[PDB]
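Below you'll find the structure, written out as C-alpha cells, and then a few comments.
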Amino acid sequence: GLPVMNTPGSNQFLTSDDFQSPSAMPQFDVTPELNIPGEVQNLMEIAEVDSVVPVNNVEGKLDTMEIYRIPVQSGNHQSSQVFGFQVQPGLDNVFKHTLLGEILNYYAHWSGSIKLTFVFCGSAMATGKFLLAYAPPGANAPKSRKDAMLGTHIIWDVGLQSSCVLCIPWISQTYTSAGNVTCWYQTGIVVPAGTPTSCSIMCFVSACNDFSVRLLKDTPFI
Amino acid sequence: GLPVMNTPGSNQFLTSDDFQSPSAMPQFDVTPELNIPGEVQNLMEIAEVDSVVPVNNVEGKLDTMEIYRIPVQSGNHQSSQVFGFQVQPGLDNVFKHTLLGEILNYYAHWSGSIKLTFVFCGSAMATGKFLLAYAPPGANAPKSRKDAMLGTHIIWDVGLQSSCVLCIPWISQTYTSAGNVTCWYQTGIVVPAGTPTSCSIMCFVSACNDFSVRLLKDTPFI
Amino acid sequence: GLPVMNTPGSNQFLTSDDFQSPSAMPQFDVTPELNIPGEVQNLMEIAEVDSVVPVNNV
Amino acid sequence: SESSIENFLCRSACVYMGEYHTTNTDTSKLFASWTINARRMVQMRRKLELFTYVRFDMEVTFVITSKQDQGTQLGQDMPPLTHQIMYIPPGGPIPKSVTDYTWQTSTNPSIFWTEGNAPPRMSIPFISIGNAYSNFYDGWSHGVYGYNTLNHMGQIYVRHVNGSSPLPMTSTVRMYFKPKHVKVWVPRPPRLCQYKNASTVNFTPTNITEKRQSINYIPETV
Amino acid sequence: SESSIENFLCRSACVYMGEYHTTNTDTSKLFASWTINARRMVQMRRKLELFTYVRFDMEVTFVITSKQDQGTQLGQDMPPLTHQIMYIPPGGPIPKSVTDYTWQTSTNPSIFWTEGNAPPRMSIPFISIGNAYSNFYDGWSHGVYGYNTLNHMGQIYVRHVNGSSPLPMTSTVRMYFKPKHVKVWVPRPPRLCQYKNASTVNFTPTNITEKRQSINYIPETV
C-alpha cells in the first residue's frame with residue numbers, strides 16, 4: 001500500500017548527512033546534567049582573550065622566557081627604533097601561535113578588528129617617551145622618527161601611563177600587503193641614582209567583538 | 001507518482017530497530033487475558049524482597065544449611081569480634097547470589113541504599129548485648145570494641161529486641177573502597193539452668209525504594 | 001527532494017503482505033453484481049446445518 | 001526505566017542456524033527446520049525463568065547466505081536464488097520431503113524471497129487456547145512429567161524454490177527472534193545450577209557461593 | 001555561526017580500520033575489535049583538548065568490504081555474506097573466541113547485516129555514571145596517573161555469521177564516528193607539542209615559535 005518511488009541518492013552513505021538513527025540502548029535513563037562553571041557556546045569567546053606575543057623571536061632565544069621581552073636600553077638614543085612588525089595574524093610567525101592565531105588557523109577565511117596592548121615593566125622611578133606609529137596596508141614602513149610622526153601615531157609617556165592600547169580596523173588574509181606597527185625612542189630613559197639601567201616592554205593581542213570566520217578546514221600544526 | 005528519495009540506512013537489518021511488521025495470521029482472534037494474581041511491572045519489585053545472606057562462607061560448609069548461621073558461643077568473651085564484612089552487593093561473595101545480587105549483575109551501573117536486618121535465634125531465656133558498627137567507604141575496619149564504639153554504632157540487647165535494622169546510604173560499584181559492618185561482644189550471653197549453651201544469628205538483605213540500574217548487559221553465571 | 005530513508009524489509013516479497021497494486025486493465029468497466037440467492041458470509045453457517053452420522057461404521 | 005519488563009525481555013537474538021542444499025543424496029539435507037521454543041537458548045532461558053507465566057507476540061527475521069559447492073563445475077551464469085520460508089501453526093501438516101504436498105497447503109503461511117533484497121520478516125501473534133504460556137509445569141502430559149501441550153508454538157521450514165534438475169548450491173539460514181508486548185506473572189528465584197538438557201529441570205547439586213578466609217575477613221583498604 | 005560548538009565538533013571521521021577472516025590458524029584473526037575513545041585520532045584529539053569537560057552522544061556507521069582469498073579454489077557460487085556487529089556497554093562480557101557464549105548475551109546490543117544493502121548504523125547515548133566526560137585527569141585510578149574509570153565508553157566487535165565449515169573470505173571494516181548534541185566546559189590552551197603516545201600527555205620540549213631576521217624586520221611592500 002502507499003505507492004512509493006525511490007529517487008537518486010537512495011542507499012548512499014553521505015559523510016555529512018543528518019538523519020534520525022535507531023538507539024542501541026533505548027531502556028537507559030541518562031545521568032542528568034550538572035551546572036559546571038565555565039561553559040562555552042562559541043570559539044570566539046576564546047579569541048577575545050589576551051595572550052602574550054613573542055615579539056623577540058630572533059636567533060638564540062626561541063626556547064627561553066626572553067622571547068617575550070622587548071629590550072629598552074639605557075643611555076641616550078633618542079631617535080632609534082625599538083621594534084616593528086607587520087600585523088598578520090594567522091600567517092606571521094610572531095602572531096601565529098597565540099590564542100587568536102591558533103583559532104584563525106582552523107578557518108580558510110576570516111576578518112575583523114584587532115586589539116594590541118603594550119605594558120612597560122620598569123621601575124617606578126624611570127621616565128621617558130615613546131612614539132607608536134601605524135601604517136595602513138599598502139604603505140611602506142617608516143624609516144625615521146620624523147616620518148613616523150607625520151602619519152598616525154601616539155606619544156606614550158611611561159612616567160604617566162604604564163600601558164597603551166591600539167585598535168586596528170581592516171584585517172583580512174590571503175611582500176605582504178599588510179599594515180605595520182613601529183616604535184621609536186622620542187627621548188630616552190632617565191633614572192635616579194640606584195635604579196636598574198635597562199628594562200622591558202610586553203605586548204598583548206586580542207580580537208574585538210566583530211570577528212568572523214568561514215570554511216572550517218584542517219590545521220597545519222599536528 | 002510521489003517523487004521519493006532513498007537515504008543511507010535503507011534495506012539494512014538493525015538488530016535493535018523498531019518497525020511495524022506484517023502479520024502471518026491476520027484472521028485469528030486471540031484468547032483474551034486472564035486476571036492472574038501476582039503480576040510484575042518492574043524488576044525492582046524483585047530486589048526489594050529480603051533474602052538470607054550466607055555470611056558463614058568458609059571452608060567445609062559451602063554445601064550445608066550452616067552457611068547461613070552466624071555462631072554465638074558460650075562463656076565470657078566480652079570484647080571479641082562476632083563477624084564482619086564489606087558492603088559490596090554484586091561483587092562480594094557473601095552478597096553475590098542473593099535476590100538483590102542476582103539482579104544487579106544484569107546491569108553495568110547501579111546505585112542506591114541498602115537495608116540489613118539481623119535476627120537472634122536463641123532461646124527466650126538468653127540475655128546479652130552486641131555492638132553493631134558501621135564504617136564508611138574509605139575508612140579502615142575497627143580493630144577493637146572501643147574504637148568501634150567511637151564511630152557509628154548501635155547497642156543491641158537481645159533480651160529486649162529479637163531483631164535489629166540498618167540502612168546504608170552510599171552504594172555504588174566499580175582494596176575495595178567500600179564501607180564495612182562489624183559486630184562485637186559487649187557482654188556475653190547469660191542463661192539459666194537447663195537451656196542450650198550456643199546459638200545463632202541470621203542476616204537478611206534488601207534494597208530501599210531509591211534504587212536505580214543502567215546499561216543492560218549479559219550475566220556472568222551461565 | 002523530500003529526504004527519505006529506506007528501512008529493513010525493503011524490496012522483499014512477503015507472501016502475506018497487504019499492499020495496493022497497479023491494475024493491468026484500467027480502462028475496463030466490470031459487470032455489475034447480480035442478486036443471486038444463497039449468499040454466505042462465514043463458514044460457521046455451513047457447520048450449523050445438520051448432517052447424518054455414520055454410527056454403524058463396522 | 002531500563003528495569004521495566006519490556007526493556008528487559010524485548011531484545012533480538014539468534015536462536016537457530018541451519019544449512020540446506022539444492023541437490024543431495026540424503027534428502028533430509030534438502031530443507032531446514034526448527035521447532036519454536038525458548039529452552040535451547042541458554043541466555044534467554046534464564047531471563048525467562050524469573051517468571052512463571054508469560055504472554056508475548058513473536059517477530060522473526062531471517063538472514064540467508066548461499067554458496068556454490070566446491071565440487072567441480074565453473075563458468076556458470078546464474079540468476080539470483082529464491083527461497084521459501086513456511087510457518088506451520090499448532091495442528092498443521094508437516095512435510096517430510098521437499099516435494100511434498102504440504103509445501104502448498106493454503107493454511108500454512110509462507111514467504112517467498114530472492115537474494116539481494118532486504119531480509120525477510122514475519123510477525124506471529126499469541127497462539128494458545130490457554131490464557132498464558134507457562135515456563136514451569138508440575139504435571140503430566142496426559143505420560144511425560146513437566147510437559148504441557150498448551151505451550152506449542154509451531155514450526156518453521158525453509159527450502160529452495162527452483163524447478164527441475166537444479167544446479168548444486170548450499171545455503172545457510174540464521175533466525176533472529178524477538179518477543180513483543182510482554183506480560184509476566186509470579187516471580188521466582190534465579191537458576192543457581194547449570195542446565196543439563198532442554199526439556200527437564202535436572203541438575204547436579206551446587207555450592208551456595210564461594211569461600212573466603214574467615215567470617216571476620218575484610219580486605220585491606222586502599 | 002560556523003564557530004559554534006556544534007559546527008566545530010559534530011563532524012564524521014574514520015577512526016578505526018580492521019581486517020578479519022572466516023577461516024584461519026590464529027583464531028584471533030577471525031574477528032575484529034575496537035575500544036571506543038578519542039585519543040588515537042590525532043586531529044580529533046586536538047580539537048577535543050581545547051576543553052576540560054565534554055558531553056555528547058555517539059553515532060557510528062560501518063563500511064564493510066569482502067574478498068576471496070588468493071589461495072587456490074575457483075568456480076564458486078556464493079550467496080551474499082552476513083556480518084554481526086556487537087556493542088558491549090561498560091561492565092559487559094568480552095568474547096575471546098568467535099564461538100564464545102558472549103556473542104549471544106541478551107544485554108549486548110547487536111546488528112545483523114548482509115552485503116549489498118545500505119551501510120549499517122547505530123546510535124549510542126551519553127553513558128556515564130558521572131555528569132560529563134573529562135579530557136584531563138590530575139589523579140590516580142585508585143594505580144595509574146591520569147586515568148579515571150568514568151571515561152569508559154564500551155567496545156565494538158565484528159564477526160562473520162556463517163554456519164559450519166565456511167569457505168575462506170577476508171573482510172575489512174571501517175568505522176565512522178560522530179559526536180552529537182555536544183556541550184563543553186573550561187577552555188584550555190592549544191597543544192603546542194607533538195603527541196607521543198595515546199594515554200599520557202608526555203612530550204619533548206618545543207620552541208615557542210620560529211625565528212625572523214631581527215626585531216625590526218618587516219618585509220618589503222609590493
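Ordered as shown in the C-alpha cells, chains take letters A, B, and onward, while each chain numbers its residues from 1 and ligands are numbered from 1 in the order shown.
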### Message
Based on only C-alpha atoms, which of the residues in chain B come within 12 Å of chain E? I want them as a ChimeraX atom specification.
### Response
/B:6-17,90-91,104-111,138,172-177,212-222
With C-alpha atoms retained, write the just-selected residues as a PDB file, in the first residue's frame.
```pdb
ATOM      1  CA  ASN B   6      16.211   6.735  -0.541  1.00  0.00           C
ATOM      2  CA  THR B   7      18.545   7.695   2.325  1.00  0.00           C
ATOM      3  CA  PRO B   8      21.522   5.789   3.725  1.00  0.00           C
ATOM      4  CA  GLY B   9      20.430   3.009   6.028  1.00  0.00           C
ATOM      5  CA  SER B  10      17.911   1.621   3.510  1.00  0.00           C
ATOM      6  CA  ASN B  11      17.486  -2.185   3.329  1.00  0.00           C
ATOM      7  CA  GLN B  12      19.704  -2.856   6.340  1.00  0.00           C
ATOM      8  CA  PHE B  13      18.771  -5.143   9.235  1.00  0.00           C
ATOM      9  CA  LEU B  14      19.437  -3.374  12.542  1.00  0.00           C
ATOM     10  CA  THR B  15      19.053  -5.783  15.459  1.00  0.00           C
ATOM     11  CA  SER B  16      17.509  -3.106  17.679  1.00  0.00           C
ATOM     12  CA  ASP B  17      15.189  -1.419  15.153  1.00  0.00           C
ATOM     13  CA  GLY B  90      27.145  -7.584  43.089  1.00  0.00           C
ATOM     14  CA  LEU B  91      30.854  -8.132  43.585  1.00  0.00           C
ATOM     15  CA  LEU B 104      22.466  -6.108  39.954  1.00  0.00           C
ATOM     16  CA  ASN B 105      24.625  -8.468  37.899  1.00  0.00           C
ATOM     17  CA  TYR B 106      22.494  -7.790  34.812  1.00  0.00           C
ATOM     18  CA  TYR B 107      23.491  -4.118  34.757  1.00  0.00           C
ATOM     19  CA  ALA B 108      26.762  -2.295  34.375  1.00  0.00           C
ATOM     20  CA  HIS B 109      25.907   0.670  36.603  1.00  0.00           C
ATOM     21  CA  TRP B 110      23.730   0.846  39.693  1.00  0.00           C
ATOM     22  CA  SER B 111      23.244   2.897  42.835  1.00  0.00           C
ATOM     23  CA  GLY B 138      37.462   4.957  52.604  1.00  0.00           C
ATOM     24  CA  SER B 172      27.788   2.212  44.024  1.00  0.00           C
ATOM     25  CA  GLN B 173      30.165  -0.056  42.173  1.00  0.00           C
ATOM     26  CA  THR B 174      33.443  -0.070  40.232  1.00  0.00           C
ATOM     27  CA  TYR B 175      41.460  -2.893  48.276  1.00  0.00           C
ATOM     28  CA  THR B 176      37.752  -2.274  47.945  1.00  0.00           C
ATOM     29  CA  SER B 177      36.984   1.387  48.790  1.00  0.00           C
ATOM     30  CA  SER B 212      18.489   2.553  40.030  1.00  0.00           C
ATOM     31  CA  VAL B 213      20.192   0.464  37.312  1.00  0.00           C
ATOM     32  CA  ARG B 214      21.648   1.207  33.862  1.00  0.00           C
ATOM     33  CA  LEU B 215      23.189  -0.456  30.779  1.00  0.00           C
ATOM     34  CA  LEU B 216      21.678  -3.926  30.481  1.00  0.00           C
ATOM     35  CA  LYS B 217      24.401  -6.484  29.762  1.00  0.00           C
ATOM     36  CA  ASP B 218      24.963 -10.223  29.984  1.00  0.00           C
ATOM     37  CA  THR B 219      25.285 -12.014  33.274  1.00  0.00           C
ATOM     38  CA  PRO B 220      28.471 -13.915  34.183  1.00  0.00           C
ATOM     39  CA  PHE B 221      26.857 -17.010  35.752  1.00  0.00           C
ATOM     40  CA  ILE B 222      25.659 -19.328  32.975  1.00  0.00           C
TER      41      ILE B 222
END
```
### Query
Using only C-alpha atoms, which residues sit within 9 Å of residue 144 of chain A once same-chain residues fewer than 3 positions away are excluded, as a ChimeraX atom specification?
/A:79-81,147-149,184
### Task
Per DSSP on the backbone, filter chain E down to the residues in strand (DSSP E) and report them as a PyMOL selection string.
chain E and resi 13-21+32-35+51-67+82-88+110-114+121-124+133-134+155-160+170-187
### Task
Might you pull out every residue within 6 Å of residue 21 of chain D, with only C-alpha atoms counted and same-chain residues fewer than 2 positions away left off, and present them as a ChimeraX atom specification?
/D:23,29-30,169-170
Selected residues written out with N, CA, C and O atoms, as a tab-separated table (two decimals), in the first residue's frame:
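Contents of result.tsv, as written:
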```tsv
chain	number	residue	atom	x	y	z
D	23	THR	N	20.74	-30.06	-4.16
D	23	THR	CA	20.85	-31.44	-4.58
D	23	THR	C	21.66	-32.18	-3.53
D	23	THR	O	22.64	-31.64	-3.01
D	29	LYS	N	18.82	-33.32	3.88
D	29	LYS	CA	19.67	-32.16	3.75
D	29	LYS	C	19.15	-31.16	2.73
D	29	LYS	O	19.82	-30.17	2.44
D	30	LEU	N	17.97	-31.41	2.18
D	30	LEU	CA	17.39	-30.53	1.20
D	30	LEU	C	16.51	-29.45	1.81
D	30	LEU	O	16.03	-28.58	1.09
D	169	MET	N	24.03	-26.07	-4.90
D	169	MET	CA	24.17	-24.87	-4.09
D	169	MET	C	23.98	-25.25	-2.63
D	169	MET	O	23.25	-26.20	-2.33
D	170	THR	N	24.61	-24.51	-1.73
D	170	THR	CA	24.43	-24.71	-0.30
D	170	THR	C	24.06	-23.40	0.37
D	170	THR	O	24.74	-22.40	0.17
```
Pull the closest atom pair for each residue of chain C that gets at most 6 Å from chain B, along with the distance in Å to one decimal, counting only C-alpha atoms, ordering rows by chain and then ascending residue number, as CSV.
```
residue,atom,partner,partner_atom,distance
C:3,CA,B:5,CA,5.8
C:4,CA,B:6,CA,4.9
C:5,CA,B:7,CA,3.8
C:6,CA,B:10,CA,3.3
C:7,CA,B:10,CA,4.7
C:8,CA,B:11,CA,4.2
C:10,CA,B:11,CA,5.3
```
Restrict the selected residues to N, CA and C atoms and save them as a short mmCIF file (atom, residue, chain, number, x, y, z; two decimals), in the first residue's frame.
```cif
data_model
loop_
_atom_site.label_atom_id
_atom_site.label_comp_id
_atom_site.auth_asym_id
_atom_site.auth_seq_id
_atom_site.Cartn_x
_atom_site.Cartn_y
_atom_site.Cartn_z
N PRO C 3 13.89 14.40 1.51
CA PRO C 3 14.82 13.40 2.05
C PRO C 3 14.12 12.17 2.62
N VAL C 4 14.64 10.99 2.29
CA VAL C 4 13.94 9.75 2.54
C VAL C 4 14.98 8.69 2.93
N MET C 5 14.55 7.71 3.72
CA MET C 5 15.46 6.70 4.27
C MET C 5 14.84 5.31 4.25
N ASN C 6 15.46 4.38 3.53
CA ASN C 6 14.95 3.02 3.40
C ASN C 6 15.22 2.18 4.65
N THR C 7 14.18 1.52 5.15
CA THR C 7 14.26 0.66 6.32
C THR C 7 14.48 -0.79 5.93
N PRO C 8 14.93 -1.63 6.86
CA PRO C 8 14.94 -3.07 6.60
C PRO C 8 13.56 -3.62 6.28
N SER C 10 12.81 -3.62 2.92
CA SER C 10 12.58 -3.04 1.61
C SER C 10 12.94 -4.01 0.49
#
```
Skipping near chain neighbours, those fewer than 6 positions away, what residues fall within 9 Å of segment 60-68 of chain B using only C-alpha atoms, listed as a PDB file with N, CA, C and O atoms, in the first residue's frame?
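And here's result_29.pdb as it stands now:
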```
ATOM      1  N   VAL B  52      18.071 -14.410  52.487  1.00  0.00           N
ATOM      2  CA  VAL B  52      19.020 -14.775  53.528  1.00  0.00           C
ATOM      3  C   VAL B  52      20.433 -14.737  52.977  1.00  0.00           C
ATOM      4  O   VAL B  52      20.710 -15.272  51.910  1.00  0.00           O
ATOM      5  N   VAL B  53      21.331 -14.115  53.728  1.00  0.00           N
ATOM      6  CA  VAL B  53      22.731 -13.936  53.351  1.00  0.00           C
ATOM      7  C   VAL B  53      23.570 -15.104  53.847  1.00  0.00           C
ATOM      8  O   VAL B  53      23.437 -15.506  55.005  1.00  0.00           O
ATOM      9  N   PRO B  54      24.423 -15.684  53.028  1.00  0.00           N
ATOM     10  CA  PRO B  54      25.356 -16.721  53.514  1.00  0.00           C
ATOM     11  C   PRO B  54      26.651 -16.153  54.085  1.00  0.00           C
ATOM     12  O   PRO B  54      27.720 -16.240  53.501  1.00  0.00           O
ATOM     13  N   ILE B 201      22.811 -16.243  64.839  1.00  0.00           N
ATOM     14  CA  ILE B 201      22.251 -15.017  64.288  1.00  0.00           C
ATOM     15  C   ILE B 201      22.056 -15.200  62.787  1.00  0.00           C
ATOM     16  O   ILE B 201      22.823 -15.916  62.143  1.00  0.00           O
ATOM     17  N   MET B 202      21.043 -14.541  62.229  1.00  0.00           N
ATOM     18  CA  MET B 202      20.785 -14.557  60.796  1.00  0.00           C
ATOM     19  C   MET B 202      20.679 -13.145  60.226  1.00  0.00           C
ATOM     20  O   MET B 202      20.143 -12.238  60.861  1.00  0.00           O
ATOM     21  N   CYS B 203      21.182 -12.978  59.001  1.00  0.00           N
ATOM     22  CA  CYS B 203      21.172 -11.713  58.275  1.00  0.00           C
ATOM     23  C   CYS B 203      20.258 -11.785  57.056  1.00  0.00           C
ATOM     24  O   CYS B 203      20.258 -12.774  56.331  1.00  0.00           O
TER      25      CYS B 203
ATOM     26  N   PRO D 205      23.854 -31.053  42.157  1.00  0.00           N
ATOM     27  CA  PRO D 205      23.975 -30.136  43.301  1.00  0.00           C
ATOM     28  C   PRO D 205      25.174 -29.198  43.287  1.00  0.00           C
ATOM     29  O   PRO D 205      26.295 -29.605  42.989  1.00  0.00           O
ATOM     30  N   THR D 206      24.937 -27.944  43.650  1.00  0.00           N
ATOM     31  CA  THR D 206      25.891 -26.857  43.509  1.00  0.00           C
ATOM     32  C   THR D 206      26.100 -26.163  44.850  1.00  0.00           C
ATOM     33  O   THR D 206      25.230 -26.177  45.719  1.00  0.00           O
ATOM     34  N   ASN D 207      27.273 -25.558  45.013  1.00  0.00           N
ATOM     35  CA  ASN D 207      27.572 -24.780  46.207  1.00  0.00           C
ATOM     36  C   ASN D 207      26.737 -23.506  46.253  1.00  0.00           C
ATOM     37  O   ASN D 207      26.347 -22.958  45.224  1.00  0.00           O
ATOM     38  N   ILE D 208      26.475 -23.026  47.466  1.00  0.00           N
ATOM     39  CA  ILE D 208      25.626 -21.849  47.635  1.00  0.00           C
ATOM     40  C   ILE D 208      26.347 -20.587  47.177  1.00  0.00           C
ATOM     41  O   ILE D 208      25.726 -19.674  46.627  1.00  0.00           O
ATOM     42  N   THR D 209      27.656 -20.523  47.379  1.00  0.00           N
ATOM     43  CA  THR D 209      28.504 -19.400  46.983  1.00  0.00           C
ATOM     44  C   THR D 209      29.952 -19.842  47.191  1.00  0.00           C
ATOM     45  O   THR D 209      30.208 -20.990  47.562  1.00  0.00           O
ATOM     46  N   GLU D 210      30.902 -18.942  46.950  1.00  0.00           N
ATOM     47  CA  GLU D 210      32.320 -19.252  47.089  1.00  0.00           C
ATOM     48  C   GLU D 210      32.841 -18.837  48.459  1.00  0.00           C
ATOM     49  O   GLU D 210      32.238 -18.021  49.156  1.00  0.00           O
ATOM     50  N   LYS D 211      33.996 -19.374  48.830  1.00  0.00           N
ATOM     51  CA  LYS D 211      34.509 -19.166  50.174  1.00  0.00           C
ATOM     52  C   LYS D 211      35.357 -17.907  50.285  1.00  0.00           C
ATOM     53  O   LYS D 211      35.823 -17.347  49.298  1.00  0.00           O
TER      54      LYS D 211
END
```
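Neighbouring residues of residue 151 of chain A at 12 Å or closer, counting only C-alpha atoms and skipping chain neighbours under 3 positions away, are residues 131, 132, 133, 134, 135, 136, 139, 140, 141, 142, 144, 145, 146, 147, 148, 154, 181 and 182 of chain A.
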### Task
Would you mind listing what lies within 12 Å of residue 165 of chain E as an MDAnalysis selection string, with only C-alpha atoms counted and same-chain residues fewer than 3 positions away left out?
(chainID D and resid 19 170 172) or (chainID E and resid 22:24 161:162 168)
### Exercise: residue 28 of chain E partners within 9 Å, only C-alpha atoms, chain neighbours under 5 positions left out, as a PyMOL selection string
chain E and resi 20+96-98
